Amino acid sequence: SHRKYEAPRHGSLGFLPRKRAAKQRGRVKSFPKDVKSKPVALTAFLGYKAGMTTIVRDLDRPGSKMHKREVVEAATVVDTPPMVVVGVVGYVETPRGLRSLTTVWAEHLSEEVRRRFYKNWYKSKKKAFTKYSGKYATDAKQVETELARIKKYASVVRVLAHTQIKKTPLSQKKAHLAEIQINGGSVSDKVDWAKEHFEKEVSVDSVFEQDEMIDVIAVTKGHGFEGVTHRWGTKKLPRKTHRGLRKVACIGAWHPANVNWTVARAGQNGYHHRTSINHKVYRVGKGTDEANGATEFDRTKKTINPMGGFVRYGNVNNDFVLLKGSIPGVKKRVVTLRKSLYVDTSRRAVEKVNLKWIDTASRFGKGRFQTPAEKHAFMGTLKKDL
Amino acid sequence: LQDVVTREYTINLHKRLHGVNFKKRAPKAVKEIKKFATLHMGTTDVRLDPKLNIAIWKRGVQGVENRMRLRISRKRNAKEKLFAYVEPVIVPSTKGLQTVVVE
Amino acid sequence: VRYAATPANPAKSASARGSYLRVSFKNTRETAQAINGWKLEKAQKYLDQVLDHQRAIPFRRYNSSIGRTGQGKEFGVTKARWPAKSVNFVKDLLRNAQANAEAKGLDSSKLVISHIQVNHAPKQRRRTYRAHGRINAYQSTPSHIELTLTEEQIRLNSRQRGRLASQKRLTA
Amino acid sequence: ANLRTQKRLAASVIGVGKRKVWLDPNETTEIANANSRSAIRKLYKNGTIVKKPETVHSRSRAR
RNA sequence: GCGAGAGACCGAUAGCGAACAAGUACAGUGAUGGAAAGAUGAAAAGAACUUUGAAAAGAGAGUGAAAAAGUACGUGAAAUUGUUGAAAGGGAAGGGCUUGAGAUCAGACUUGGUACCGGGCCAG
RNA sequence: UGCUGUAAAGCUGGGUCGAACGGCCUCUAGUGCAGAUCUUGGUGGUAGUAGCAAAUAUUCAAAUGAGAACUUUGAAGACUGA
RNA sequence: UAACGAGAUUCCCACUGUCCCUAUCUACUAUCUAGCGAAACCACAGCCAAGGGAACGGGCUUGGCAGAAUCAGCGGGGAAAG
Ligand SMILES: [Mg+2]
Ligand SMILES: [Mg+2]
Ligand SMILES: [Mg+2]
Ligand SMILES: [Mg+2]
Ligand SMILES: [Mg+2]
Ligand SMILES: [Mg+2]
Ligand SMILES: [Mg+2]
Ligand SMILES: [Mg+2]
Ligand SMILES: [Mg+2]
Ligand SMILES: [Mg+2]
Ligand SMILES: [Mg+2]
Ligand SMILES: [Mg+2]
Ligand SMILES: [Mg+2]
Ligand SMILES: [Mg+2]
Ligand SMILES: [Mg+2]
Ligand SMILES: [Mg+2]
Ligand SMILES: [Mg+2]
Ligand SMILES: [Mg+2]
Ligand SMILES: [Mg+2]
Ligand SMILES: [Mg+2]
Ligand SMILES: [Mg+2]
Ligand SMILES: [Mg+2]
Ligand SMILES: [Mg+2]
Ligand SMILES: [Mg+2]
Ligand SMILES: [Mg+2]
Ligand SMILES: [Mg+2]
Ligand SMILES: [Mg+2]
Ligand SMILES: [Mg+2]
Ligand SMILES: [Mg+2]
Ligand SMILES: [Mg+2]
Ligand SMILES: [Mg+2]
Ligand SMILES: [Mg+2]
Ligand SMILES: [Mg+2]
Ligand SMILES: [Mg+2]
Ligand SMILES: [Mg+2]
Ligand SMILES: [Mg+2]
C-alpha cells in the first residue's frame, strides 16, 4: 500500500556514506579552472579556526528594508599566519587522469614541516630530506633537471606549502603540508614562480582580498555514534512505545527482502568532510596591526581577540581572515580556504563591506566590556588594585 | 638524582574530581592521590598515611577538599626498589603554596 | 603417562604436565598457542608483560564477540585479551619444566618451548536457576596442559646414454 | 588472627554492644589467647579491652 | 512357601525394577512413584626414595609380564577436541566422469631351461 | 597394506590388545536401521556469548597467610532509625 | 431518584513535552577488562535480479557479480523461534 500521506525524505542521499573523514585535513577536491591570461597566483590557503565573533555593518542592498541600516552579524575568525613554500609538483594529462610526474623540494625545510613525516620524532635520527638536501651540492643540476622536466611535460603545477603552526597557540608541532594549485601564466611561468618562492613566506593578503567570496574545506565536529533521531532528524515515536522511541519504526517493506541503503540507521555522526561555498571576507587583518578589531567608526585601539582570549583557542597574534557567518570545523581545526570556482555578479557577492564595530567582549561568559580600560572606567578602583 | 627525598606539594583535587559520581568522590580522591605520587616520585608503590585517609574522608563521601597540601617522601624499600609515602600537611590555607623540598 | 609428542632427543628435553586444572580451556589454548615455539626466557618475560597489561595474548580461534585492542597489532590481529588465570597456570608449568631441565643438567638460556598443548578435561557440573522453575547447566570447562622444553643415482636409457656419449665426443 | 569470638565475649562481659568494644590492635596475640570469659575480664581490667564511650546525642537544641 | 535338578533362554541400555549397602537413594501431604550403578593386576607388588612446587601435582626413580594396567584402573569405537604434519580455499562445502600432478601399492627374466635358446610387458 | 565379488560382503599387511574363536554340511531365531517431535547414554555449534545492574557505600593502615577488593583488628565514612 | 462509584460517556476551567519539535542532564545498563558462565535453536547452509517450479528460491536455469579475519548496533529476510 501507498503512504497514507506524503512527506519528504529525511536527510540527503548526496552526503553518503555518513562515515568519518579519512583525514582530518580537508582536501581540495577541485581547484579553480586555470586561465592563462591571469597573473601567477595561489588558489588556496591554510588557516586555523580560532572562534566566532559579532560585527555591526551598514547594509548596502537597495530595495531591502534593512538598506543603509545597521545589521548585527556573526563572523568567524581564521588565524592565518603566512605559509612557507617548500616544493612543487608537476602533473601530466593521461587518458586515465592527472598523474604526478615529479616533485621538486627546496634545499632547506623547517623542523615543523619535517616533523610532518614522523610518527615518533623524539626517538628518530631525523634523517628526512638529508640526502635530498645534499642534492643541492654546488650546482643543483639534478634539481634543475627535474624543474625542466616539469616545465616540459606538466600541464597542472601545484606548489607544496606548509603552515607555520608555531605561530599559532596550538600545542601541536607538526605543520600542515598541502598542495595548492598555481593558476595563471604558462607552465614555465608557474615553475619559475614556485622556484623563486622556495623557502619563502606567502601571506593571505596575496591570495584573498576583502569582500571576496571564498569556499571553506574542513572536517566537521565529531559526535561519535548517534541514533537515527538526531543523525537523520526522524520523528520520535509515541511515548508509550515498547522498547524505546528514538527509532525508525519500519526499516523496510517485506520485499526487497533486504534493508535498503536509503533507510536511516544509527551510526557515526559528524567528523565529515565538507566543502562550504560563498563565505564573504569581511576583513583580512594583519598581525602587525595593533588595531585589528578597530574600525573607522570605533577607533578604540583594539585587537580582534575577545577579553580573556578565544575560548579553547588562545589569542590570534597573526594575520587573520574574518569571514561572514559560520564555517565547518571546530576550534583549532585546520581549514582550507579556496577561491571561488565561478564568477558571481550578484549584489551579495559584489557588495563592499565596511565594518562599523567588532565585538571583543569575553566569550567565556556574559562579557559586558570591550576592553580592560572600559571595565576599569565602569567599575572604578577594586580592592586588588589597592 | 637522590633516591631518598621529601617534598611538599599542593594537589588540586577539585579538577580531578570534576563530574565524578558522588559515592565515588572520596575513593577517587584516594586513587588520584596515588597517581599524583606516581607522577612526582616515579614509584608505583604509593602508601597513604591513615591521617591522610581521615583528611580525605573528613566530610563524607563527596566532601573532598578542593586542594590538599601533601608531604610525599621517597624512601628505600620487593619488586619495587623505592616507594612513596604520602601524609598530610596541616596549613592555615591551601592557597598560594608552591612545591617545597623539605630538608 | 604418555605425552602427545615424544621429544626427538630425550636427553636434551624436559617435560611438565597439569591435569584437571580448573581453568578455562579456550583461554588456555590461546595462551599456549601464544608461546608455542618460543625461547623459555622470552616467553616468561612475555607472560609477565601480559599479566601487567603491557602486552596481550592474541585470541585466534575462540574469540567470537570479544573486544578489540591496540595491543593485538604486534601479532597482526585485533582481538586479544589478558587471561590471568591461564597465564599463571602456564607460568607454573614452565617453571616446573625448567626445574626438571635444571635437574637434568640442561642450560636454561638454551631452552625452547618445543611442545605445548591443551586438551579438554572432564567437566565440573553445577546448577543455574531459570525463569519459570527451570534448571540449566553451569559447567566448568577444565584443561589438561602438557609441555616439553628442548635445548637448542640416475639411470639412463640406451639412447639417453648414446646421446650423452655422442655429446661428450663432440667436446673433444 | 580471628578475634571474632573475643569481641563477642568482650561485648557480653562488658555489657555493651559489639560496636562499643575496643580490642587493642597491638595486642593481637594476647587477645587471641583469651579463650575464656575470665581472661576477657582480665584484659578488660588491664585495658587491653576497652569499653568505647557512647556516641553523644545532645538535647541542647531541643531545650 | 520349602528343597533340588535343568535349558538350542538373557548376557549389565539385555535378563526381574533390583548381578552392586535395591524396593535402596530420591520425590510426593498422601495413596503411591522409584532409579543409576559389574570388570587394575596372578598377587597391592596401590609407586619407598630424590627433586621443583604453598599445595594439588609434575619430573626422576621404583613394582609389575605389561603402567600402551596407577584405583579419574581390562579392551578403550564414534560424535567432539588439542598438537604435529600434508593440502585446498574470491558470497557454503560435499558428489559423479576424465586426465594431469604428488603419495602409496603391484608386477616375469618365471620355481625360466643350457655365451646362447626362448619367454614377459610397452611400442614402431 | 592391499586382493576378491556387480553387490550385500569375504580375505589379508602394519599398529593396539590379552583368552578365546572360526571354515564347511545342516538346525533355529528376540537376526541386519538414517529417520519414527523414536528410547537411553554421550557430545557439539551457539559461545568465552546472553549475562553475573533492585534493597544509598565504601576507604586507609596493620595483622594473618604462598596468595587479601572480599578474613581479623584499628581508624574513618554510612545506613537500618524502636 | 438525593447520596455513593479505581464502572461507561460528553463538555468547561486549571494544568501541563500528549503534541508543534525537539533539546539537555543524572544514576544503572549496554560498552571494554579479570573471574564465572548458561539457553532457545540447528537437514545442509547462508549475496542479489528475473525465469520456471507445489503458481512468493539460499540451492535449480540465465544473468549481476564475487578477496582473509572481524567489532558495535539493527530489526528487511531466514514464509525466524515458541
Ligand atoms: Mg503517494
Ligand atoms: Mg549524544
Ligand atoms: Mg506497552
Ligand atoms: Mg561563550
Ligand atoms: Mg557529567
Ligand atoms: Mg564484543
Ligand atoms: Mg538465574
Ligand atoms: Mg519456584
Ligand atoms: Mg538392568
Ligand atoms: Mg532397570
Ligand atoms: Mg569397565
Ligand atoms: Mg598389555
Ligand atoms: Mg591393560
Ligand atoms: Mg583403560
Ligand atoms: Mg574421532
Ligand atoms: Mg567474504
Ligand atoms: Mg585423480
Ligand atoms: Mg597419476
Ligand atoms: Mg586375562
Ligand atoms: Mg563349529
Ligand atoms: Mg528385533
Ligand atoms: Mg541411529
Ligand atoms: Mg528408512
Ligand atoms: Mg531425535
Ligand atoms: Mg537425548
Ligand atoms: Mg558480556
Ligand atoms: Mg539483568
Ligand atoms: Mg538514617
Ligand atoms: Mg465499593
Ligand atoms: Mg528449511
Ligand atoms: Mg531472489
Ligand atoms: Mg512465479
Ligand atoms: Mg529457505
Ligand atoms: Mg549462477
Ligand atoms: Mg534488537
Ligand atoms: Mg526479521
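Letters go in sequence order (proteins before strands), and every chain restarts at 1. Just so it is clear, the values below take in all heavy atoms, side chains as well, and ignore hydrogens, waters and symmetry mates.
For B/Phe36, the ring-ring contact (aromatic ring centres under 6.0 Å, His included) criterion is met by B/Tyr9, B/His40, not counting sequence neighbours. For A/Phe15, the side chain to side chain contact (heavy atoms under 4.5 Å, CB included) partners at least two apart in sequence or on another chain are A/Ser12, A/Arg274. Every residue was checked against the side-chain hydrogen bond (donor to acceptor under 3.5 Å, both in side chains) condition with D/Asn33, not counting sequence neighbours, and none meets it. Taking C/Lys73 as the reference, nothing meets the side chain to side chain contact (heavy atoms under 4.5 Å, CB included) condition, with sequence neighbours excluded.
The 5' end of RNA chain F is approached more closely, in terms of each residue's nearest nucleotide, by D/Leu23 than by the other of D/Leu23 and D/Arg19. Nearer the 5' end of RNA chain F, as judged by each residue's closest nucleotide, is the contact made by C/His120, out of C/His120 and D/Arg4.
Between the CD atom of D/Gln6 and the P atom of F/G74 there is a distance of 12 Å, rounded to whole Å. If you take CD of C/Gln117 and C1' of E/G85, they are 14 Å apart, rounded to a whole angstrom. Going from atom CZ of B/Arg59 over to atom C1' of F/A78 covers 17 Å, rounded to whole Å. Look at CZ on C/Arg17: it is 18 Å from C1' on E/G53, rounded to the nearest Å. The CD1 atom of C/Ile113 sits 15 Å away from the P atom of E/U83 (whole-angstrom rounding).
Nucleotides of RNA chain G that come within less than 4.0 Å of any heavy atom of chain A span, from the 5' end to the 3' end, G/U18 to G/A79.
Under the 5.5 Å centre and 30° plane thresholds, E/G85 stacks on its strand neighbour E/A86. Neighbouring residues G/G77 and G/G78 meet the stacking criterion, with the centres of their six-membered base rings under 5.5 Å apart and the ring planes within 30° of each other. A stacking criterion of 5.5 Å and 30° is not met by the six-membered base rings of adjacent nucleotides F/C70 and F/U71.
Ring-centre distance between A/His10 and A/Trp232: not below the 6.0 Å cut-off.
Scanning residues 82-112 of chain C for heavy-atom distances under 4.0 Å to RNA chain G yields C/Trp82, C/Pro83, C/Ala84, C/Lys85. Against RNA chain G, the stretch residues 255-263 of chain A makes heavy-atom approaches under 4.0 Å through A/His255, A/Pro256, A/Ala257, A/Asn258, A/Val259.
Applying the ring-ring contact (aromatic ring centres under 6.0 Å, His included) definition to pairs two or more places apart or across chains, those involving residues 138-159 of chain C are C/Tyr20-C/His144.
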Donor-acceptor contacts under 3.5 Å from residues 19-31 of chain D side chains, at least two apart:
{"unit_1": "D/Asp24", "atom_1": "OD1", "unit_2": "D/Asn26", "atom_2": "N", "d": "3.2"}
{"unit_1": "D/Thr28", "atom_1": "OG1", "unit_2": "D/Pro25", "atom_2": "O", "d": "3.4"}

Which letter, B, S or -, goes with each nucleotide of nucleotides 48-64 of chain F from 5' to 3', with contact meaning a protein heavy atom under 4.0 Å? BSB-----BBBBBS---
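Side-chain atoms of C/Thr148 and C/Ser13 include no donor-acceptor pair closer than 3.5 Å.
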I'd like a list of close polar pairs between nucleotides 122-124 of chain E and the protein, N/O only, cut-off under 3.5 Å.
none

Identify all pairs in which a protein N or O lies below 3.5 Å from an N or O of nucleotides 91-93 of chain E, and state each distance.
none

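Residue D/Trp22 and nucleotide F/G74 are not classified as a stacked aromatic pair, given the requirement of ring centres less than 5.5 Å apart at an interplanar angle below 30°.
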